[PDB]
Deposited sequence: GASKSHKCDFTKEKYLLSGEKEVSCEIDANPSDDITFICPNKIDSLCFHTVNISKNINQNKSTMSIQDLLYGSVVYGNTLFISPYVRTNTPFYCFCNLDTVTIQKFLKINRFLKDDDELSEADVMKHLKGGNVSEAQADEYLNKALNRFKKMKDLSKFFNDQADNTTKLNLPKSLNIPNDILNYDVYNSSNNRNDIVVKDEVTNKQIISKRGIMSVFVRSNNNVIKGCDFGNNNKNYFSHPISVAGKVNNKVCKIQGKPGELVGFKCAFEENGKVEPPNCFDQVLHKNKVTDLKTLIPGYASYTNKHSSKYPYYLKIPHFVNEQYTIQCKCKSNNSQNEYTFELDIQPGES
């Protein structure tokens, strides 16, 4: 699964020619696109998108958006486009141009040991730099109109105090239904275990088995201020009826979740090697007792 990005922070887009700057992106299911706009206008992506507005969960069901990143659903039915406009106001251009220069960050011989050090140390901070940016972006709320950057980038307080950008995505269709539970009442049957379909679902618990390398997950019934137990699922799960860090059971895992609510699905990519059998679970939690279910996962040992 490839990962796309449209960074309107670049001088290649800020000092462009025409008045309508456009980056184009063609993605596939389970891909992830990231969008960095200085001052989001019209809709608020990736939670609400522009059709020429709609919320991404209705357009591409099964998607998750965290920070400024859209993990596309592991099952799309029809090829669908989206659009997100970004208003480059004259001084927003100027302001970030002043921050992008302060940052200042193909066939290299690198014979000397020391110059090989510099190219690698240079590559190491771009690694360390991007990590702290998605961490800060995840802490961001869901409704955020004005992009801000993490402190300890050392950017000066004076810099913190025309063109129209349009990024357009098309993503293909597939046919491989999600190995998961859908705890919402709907007839779209995007998951292996809905409760619209009887039997997949018993005693408010959904019992799934996962093999090494598989991607599984669940999606709670929709509501604006719902919660998941534990709050940090999948990074912290219920194991032997106590809250355990998943990294102690299946290190090497990945996750695709929203830390601020239960609105979006929860996805766990089981690592390439799990050593024992492990039963874990997470629970949907709500002021509506009819919307509270347990997601029980049987993780089976093996390799891949």
Next on the checklist: Please report every deposited-sequence interval that has no C-alpha in the structure, sorted by position.
Outcome noted: 1-2, 55-62, 116-127, 184-208
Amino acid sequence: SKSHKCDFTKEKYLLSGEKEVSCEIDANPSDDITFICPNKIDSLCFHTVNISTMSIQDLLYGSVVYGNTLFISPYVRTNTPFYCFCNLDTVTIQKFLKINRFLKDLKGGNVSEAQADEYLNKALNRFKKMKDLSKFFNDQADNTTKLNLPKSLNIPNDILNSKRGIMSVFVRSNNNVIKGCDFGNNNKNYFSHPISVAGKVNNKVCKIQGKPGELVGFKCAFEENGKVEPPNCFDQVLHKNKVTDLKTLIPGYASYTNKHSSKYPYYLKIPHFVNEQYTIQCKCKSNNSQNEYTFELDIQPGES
From here on, numbers count along this sequence of modelled residues.
Next on the checklist: Test of understanding: from the entry's C-alpha B-factors, which stretch has the higher mean, 5-13 or 284-292?
Outcome noted: 5-13
Item to check | Mean temperature factor over C-alpha atoms, higher-scoring stretch between 62-70 and 246-254 | outcome: 62-70
Next on the checklist: By the CA temperature factor listed in this entry, which of these ranks top: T90, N225, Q140, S134?
Outcome noted: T90
Checklist entry - Out of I36, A27, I41, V49, which one has a C-alpha B factor higher than all the others in the entry? => result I41
Checklist entry - Looking at the C-alpha B-factor of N275, is it in the lowest, middle or highest third of its chain? => result lowest
Checklist entry - Where does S168 sit by CA temperature factor within its chain: lowest, middle or highest third? => result middle
Checklist outcome for this item: Temperature factor at the Cα of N186, chain-ranked in thirds, falls in the highest
Item to check | Third of the chain's Cα B-factor distribution that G213 belongs to, per the entry | outcome: lowest
Checklist outcome for this item: Assert third(CA B-factor, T53) within chain per record equals highest
